[PDB]
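S.K.: File name upload_18.pdb; file contents PDB, C-alpha atoms and all ligand atoms; full text below.
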```pdb
MODEL        1
ATOM      1  CA  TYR W   1      38.958 -85.597  -2.680  1.00  0.00           C
ATOM      2  CA  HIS W   2      36.044 -83.113  -2.643  1.00  0.00           C
ATOM      3  CA  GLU W   3      34.691 -81.314  -5.744  1.00  0.00           C
ATOM      4  CA  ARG W   4      36.655 -78.597  -7.602  1.00  0.00           C
ATOM      5  CA  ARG W   5      36.251 -75.840  -4.971  1.00  0.00           C
ATOM      6  CA  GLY W   6      33.330 -76.518  -2.601  1.00  0.00           C
ATOM      7  CA  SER W   7      32.069 -72.900  -2.334  1.00  0.00           C
ATOM      8  CA  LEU W   8      32.970 -71.082   0.913  1.00  0.00           C
ATOM      9  CA  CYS W   9      30.139 -70.962   3.465  1.00  0.00           C
ATOM     10  CA  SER W  10      29.495 -67.259   4.031  1.00  0.00           C
ATOM     11  CA  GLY W  11      30.383 -67.065   7.729  1.00  0.00           C
ATOM     12  CA  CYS W  12      32.923 -69.922   7.610  1.00  0.00           C
ATOM     13  CA  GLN W  13      35.033 -68.710   4.658  1.00  0.00           C
ATOM     14  CA  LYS W  14      35.749 -72.422   4.078  1.00  0.00           C
ATOM     15  CA  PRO W  15      34.590 -74.622   1.159  1.00  0.00           C
ATOM     16  CA  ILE W  16      31.292 -76.481   1.525  1.00  0.00           C
ATOM     17  CA  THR W  17      31.969 -80.200   0.925  1.00  0.00           C
ATOM     18  CA  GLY W  18      28.448 -81.589   0.362  1.00  0.00           C
ATOM     19  CA  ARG W  19      25.068 -79.824   0.122  1.00  0.00           C
ATOM     20  CA  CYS W  20      25.345 -76.019  -0.022  1.00  0.00           C
ATOM     21  CA  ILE W  21      22.881 -73.128   0.261  1.00  0.00           C
ATOM     22  CA  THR W  22      23.075 -70.118  -2.091  1.00  0.00           C
ATOM     23  CA  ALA W  23      21.605 -66.852  -0.776  1.00  0.00           C
ATOM     24  CA  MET W  24      22.295 -63.439  -2.356  1.00  0.00           C
ATOM     25  CA  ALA W  25      25.242 -65.022  -4.198  1.00  0.00           C
ATOM     26  CA  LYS W  26      26.545 -65.824  -0.693  1.00  0.00           C
ATOM     27  CA  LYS W  27      26.888 -69.538   0.134  1.00  0.00           C
ATOM     28  CA  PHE W  28      26.346 -71.164   3.545  1.00  0.00           C
ATOM     29  CA  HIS W  29      26.994 -74.635   4.981  1.00  0.00           C
ATOM     30  CA  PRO W  30      23.571 -76.381   4.941  1.00  0.00           C
ATOM     31  CA  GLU W  31      23.896 -76.260   8.755  1.00  0.00           C
ATOM     32  CA  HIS W  32      25.312 -72.702   9.077  1.00  0.00           C
ATOM     33  CA  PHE W  33      22.644 -71.106   6.865  1.00  0.00           C
ATOM     34  CA  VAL W  34      20.490 -69.838   9.739  1.00  0.00           C
ATOM     35  CA  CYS W  35      17.889 -67.047   9.976  1.00  0.00           C
ATOM     36  CA  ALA W  36      19.460 -63.601  10.542  1.00  0.00           C
ATOM     37  CA  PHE W  37      16.912 -63.198  13.387  1.00  0.00           C
ATOM     38  CA  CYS W  38      16.533 -66.340  15.520  1.00  0.00           C
ATOM     39  CA  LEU W  39      19.711 -67.946  14.098  1.00  0.00           C
ATOM     40  CA  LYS W  40      18.064 -71.296  14.959  1.00  0.00           C
ATOM     41  CA  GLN W  41      18.470 -72.760  11.449  1.00  0.00           C
ATOM     42  CA  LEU W  42      17.410 -72.012   7.869  1.00  0.00           C
ATOM     43  CA  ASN W  43      17.091 -73.591   4.407  1.00  0.00           C
ATOM     44  CA  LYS W  44      16.873 -71.802   1.028  1.00  0.00           C
ATOM     45  CA  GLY W  45      14.131 -74.358   0.243  1.00  0.00           C
ATOM     46  CA  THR W  46      11.646 -72.240   2.259  1.00  0.00           C
ATOM     47  CA  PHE W  47      13.490 -69.204   3.686  1.00  0.00           C
ATOM     48  CA  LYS W  48      12.848 -65.497   3.095  1.00  0.00           C
ATOM     49  CA  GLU W  49      15.047 -62.374   3.185  1.00  0.00           C
ATOM     50  CA  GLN W  50      14.757 -58.699   4.137  1.00  0.00           C
ATOM     51  CA  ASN W  51      17.240 -55.805   4.451  1.00  0.00           C
ATOM     52  CA  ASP W  52      19.687 -58.143   2.600  1.00  0.00           C
ATOM     53  CA  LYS W  53      19.585 -60.887   5.279  1.00  0.00           C
ATOM     54  CA  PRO W  54      17.915 -64.340   5.581  1.00  0.00           C
ATOM     55  CA  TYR W  55      14.710 -64.933   7.539  1.00  0.00           C
ATOM     56  CA  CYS W  56      12.659 -68.145   7.852  1.00  0.00           C
ATOM     57  CA  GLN W  57       9.443 -67.786   5.838  1.00  0.00           C
ATOM     58  CA  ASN W  58       7.746 -67.993   9.250  1.00  0.00           C
ATOM     59  CA  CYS W  59      10.085 -65.236  10.490  1.00  0.00           C
ATOM     60  CA  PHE W  60       9.684 -63.051   7.367  1.00  0.00           C
ATOM     61  CA  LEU W  61       5.964 -63.798   7.701  1.00  0.00           C
ATOM     62  CA  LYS W  62       6.444 -62.511  11.272  1.00  0.00           C
ATOM     63  CA  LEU W  63       8.714 -59.545  10.414  1.00  0.00           C
ATOM     64  CA  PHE W  64       7.402 -58.512   6.976  1.00  0.00           C
ATOM     65  CA  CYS W  65       3.871 -59.520   8.058  1.00  0.00           C
TER      66      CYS W  65
HETATM   67 ZN    ZN O   1      29.974 -72.757   7.518  1.00  0.00          ZN
HETATM   68 ZN    ZN O   2      14.139 -67.007  11.742  1.00  0.00          ZN
ENDMDL
END
```
What does the file become when written as structure tokens?
Ligand SMILES: [Zn+2]
Ligand SMILES: [Zn+2]
M.R.:
Amino acid sequence: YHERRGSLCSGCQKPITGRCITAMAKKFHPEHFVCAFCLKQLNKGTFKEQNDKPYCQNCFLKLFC
């Protein structure tokens, strides 16, 4: 069986069995947590956020700078 809950991946509304990203309290499957700009892919390890949405540090560095 998985863990106790699994945390729903914001966007999937389904538990995250395995690694899990935690944004503004919103979770995301480590593969569904993408940049709210290019939507290519994203990781809390080095992402950024603006207007309440994720953005790769390179993106934020491109949008915010
Ligand atoms: Zn998901
Ligand atoms: Zn991006």
S.K.: Kindly provide, as lines of an AutoDock Vina configuration file, the centre and edge lengths (Å, one decimal) of an axis-aligned box around all atoms of region 5-13 of chain W given in the file, with 8 Å on each side.
M.R.:
```
center_x = 32.9
center_y = -71.8
center_z = 1.4
size_x = 22.8
size_y = 25.5
size_z = 28.7
```
S.K.: What residues have any atom no more than 7 Å from ligand ZN 2 (chain O) when counting only C-alpha atoms and all ligand atoms, and can you list them as a list in words?
M.R.: residues 35, 36, 37, 38, 39, 40, 55, 56, 58 and 59 of chain W
S.K.: What is the distance between CA of residue 10 (chain W) and CA of residue 29 (chain W), in Å to one decimal?
M.R.: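 Going from CA of residue 10 (chain W) over to CA of residue 29 (chain W), I get 7.8 Å.
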S.K.: Collect all residues with atoms no farther than 10 Å from ligand ZN 1 (chain O), counting only C-alpha atoms and all ligand atoms, and output them as an MDAnalysis selection string.
M.R.: chainID W and resid 8:16 20 27:33
S.K.: What is the distance between CA of residue 24 (chain W) and CA of residue 41 (chain W), in Å to one decimal?
M.R.: 17.1 Å
S.K.: Distance CA of residue 54 (chain W)-CA of residue 6 (chain W), one decimal place?
M.R.: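 Taking CA of residue 54 (chain W) as the start and CA of residue 6 (chain W) as the end point, the length is 21.3 Å.
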S.K.: Just say which residues the PyMOL selection byres (((chain W and resi 61) around 12) and not hetatm) picks in this file, as a VMD selection string.
M.R.: chain W and resid 46 to 50 55 to 60 62 to 65
S.K.: Ranking W:17, W:22, W:34, W:42 by minimum distance to residue 5 (chain W) and counting all atoms listed in the file, which one comes first?
M.R.: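 Among the listed residues, the smallest separation from residue 5 (chain W) belongs to W:17.
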S.K.: Could you complete region 25-49 of chain W so that it carries N, CA and C atoms, and give it back as a PDB file, keeping the file's coordinate frame?
M.R.:
```pdb
ATOM      1  N   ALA W  25      23.903 -64.720  -3.611  1.00  0.00           N
ATOM      2  CA  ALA W  25      25.242 -65.022  -4.198  1.00  0.00           C
ATOM      3  C   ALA W  25      26.157 -65.518  -3.077  1.00  0.00           C
ATOM      4  N   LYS W  26      25.729 -65.362  -1.850  1.00  0.00           N
ATOM      5  CA  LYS W  26      26.545 -65.824  -0.693  1.00  0.00           C
ATOM      6  C   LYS W  26      26.189 -67.278  -0.379  1.00  0.00           C
ATOM      7  N   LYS W  27      27.173 -68.110  -0.171  1.00  0.00           N
ATOM      8  CA  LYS W  27      26.888 -69.538   0.134  1.00  0.00           C
ATOM      9  C   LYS W  27      26.858 -69.742   1.645  1.00  0.00           C
ATOM     10  N   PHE W  28      26.416 -70.888   2.081  1.00  0.00           N
ATOM     11  CA  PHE W  28      26.346 -71.164   3.545  1.00  0.00           C
ATOM     12  C   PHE W  28      26.320 -72.672   3.763  1.00  0.00           C
ATOM     13  N   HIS W  29      27.053 -73.172   4.723  1.00  0.00           N
ATOM     14  CA  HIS W  29      26.994 -74.635   4.981  1.00  0.00           C
ATOM     15  C   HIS W  29      25.528 -74.963   5.277  1.00  0.00           C
ATOM     16  N   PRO W  30      24.997 -76.012   4.707  1.00  0.00           N
ATOM     17  CA  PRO W  30      23.571 -76.381   4.941  1.00  0.00           C
ATOM     18  C   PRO W  30      23.194 -76.391   6.429  1.00  0.00           C
ATOM     19  N   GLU W  31      24.170 -76.276   7.291  1.00  0.00           N
ATOM     20  CA  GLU W  31      23.896 -76.260   8.755  1.00  0.00           C
ATOM     21  C   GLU W  31      24.239 -74.875   9.325  1.00  0.00           C
ATOM     22  N   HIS W  32      24.947 -74.062   8.575  1.00  0.00           N
ATOM     23  CA  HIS W  32      25.312 -72.702   9.077  1.00  0.00           C
ATOM     24  C   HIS W  32      24.369 -71.666   8.469  1.00  0.00           C
ATOM     25  N   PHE W  33      23.607 -72.054   7.483  1.00  0.00           N
ATOM     26  CA  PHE W  33      22.644 -71.106   6.865  1.00  0.00           C
ATOM     27  C   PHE W  33      21.471 -70.945   7.824  1.00  0.00           C
ATOM     28  N   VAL W  34      21.583 -70.034   8.746  1.00  0.00           N
ATOM     29  CA  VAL W  34      20.490 -69.838   9.739  1.00  0.00           C
ATOM     30  C   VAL W  34      19.754 -68.525   9.466  1.00  0.00           C
ATOM     31  N   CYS W  35      18.677 -68.297  10.170  1.00  0.00           N
ATOM     32  CA  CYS W  35      17.889 -67.047   9.976  1.00  0.00           C
ATOM     33  C   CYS W  35      18.605 -65.874  10.646  1.00  0.00           C
ATOM     34  N   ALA W  36      18.779 -64.788   9.939  1.00  0.00           N
ATOM     35  CA  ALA W  36      19.460 -63.601  10.542  1.00  0.00           C
ATOM     36  C   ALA W  36      18.530 -62.944  11.577  1.00  0.00           C
ATOM     37  N   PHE W  37      17.835 -63.741  12.347  1.00  0.00           N
ATOM     38  CA  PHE W  37      16.912 -63.198  13.387  1.00  0.00           C
ATOM     39  C   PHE W  37      16.943 -64.132  14.594  1.00  0.00           C
ATOM     40  N   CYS W  38      16.524 -65.354  14.402  1.00  0.00           N
ATOM     41  CA  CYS W  38      16.533 -66.340  15.520  1.00  0.00           C
ATOM     42  C   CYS W  38      17.818 -67.167  15.436  1.00  0.00           C
ATOM     43  N   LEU W  39      18.440 -67.181  14.282  1.00  0.00           N
ATOM     44  CA  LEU W  39      19.711 -67.946  14.098  1.00  0.00           C
ATOM     45  C   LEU W  39      19.522 -69.411  14.506  1.00  0.00           C
ATOM     46  N   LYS W  40      18.301 -69.873  14.578  1.00  0.00           N
ATOM     47  CA  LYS W  40      18.064 -71.296  14.959  1.00  0.00           C
ATOM     48  C   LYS W  40      18.544 -72.201  13.820  1.00  0.00           C
ATOM     49  N   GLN W  41      18.065 -71.954  12.631  1.00  0.00           N
ATOM     50  CA  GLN W  41      18.470 -72.760  11.449  1.00  0.00           C
ATOM     51  C   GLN W  41      17.706 -72.226  10.244  1.00  0.00           C
ATOM     52  N   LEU W  42      18.138 -72.534   9.055  1.00  0.00           N
ATOM     53  CA  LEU W  42      17.410 -72.012   7.869  1.00  0.00           C
ATOM     54  C   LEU W  42      17.745 -72.835   6.625  1.00  0.00           C
ATOM     55  N   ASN W  43      16.861 -72.826   5.662  1.00  0.00           N
ATOM     56  CA  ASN W  43      17.091 -73.591   4.407  1.00  0.00           C
ATOM     57  C   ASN W  43      16.537 -72.790   3.227  1.00  0.00           C
ATOM     58  N   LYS W  44      17.339 -72.574   2.219  1.00  0.00           N
ATOM     59  CA  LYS W  44      16.873 -71.802   1.028  1.00  0.00           C
ATOM     60  C   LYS W  44      15.562 -72.403   0.507  1.00  0.00           C
ATOM     61  N   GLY W  45      15.369 -73.676   0.722  1.00  0.00           N
ATOM     62  CA  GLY W  45      14.131 -74.358   0.243  1.00  0.00           C
ATOM     63  C   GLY W  45      12.875 -73.586   0.659  1.00  0.00           C
ATOM     64  N   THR W  46      12.868 -72.984   1.822  1.00  0.00           N
ATOM     65  CA  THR W  46      11.646 -72.240   2.259  1.00  0.00           C
ATOM     66  C   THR W  46      12.022 -71.045   3.140  1.00  0.00           C
ATOM     67  N   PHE W  47      13.111 -70.380   2.854  1.00  0.00           N
ATOM     68  CA  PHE W  47      13.490 -69.204   3.686  1.00  0.00           C
ATOM     69  C   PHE W  47      12.993 -67.922   3.018  1.00  0.00           C
ATOM     70  N   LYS W  48      13.247 -66.816   3.648  1.00  0.00           N
ATOM     71  CA  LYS W  48      12.848 -65.497   3.095  1.00  0.00           C
ATOM     72  C   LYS W  48      13.977 -64.518   3.412  1.00  0.00           C
ATOM     73  N   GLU W  49      13.946 -63.329   2.881  1.00  0.00           N
ATOM     74  CA  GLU W  49      15.047 -62.374   3.185  1.00  0.00           C
ATOM     75  C   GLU W  49      14.517 -60.942   3.239  1.00  0.00           C
TER      76      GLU W  49
END
```
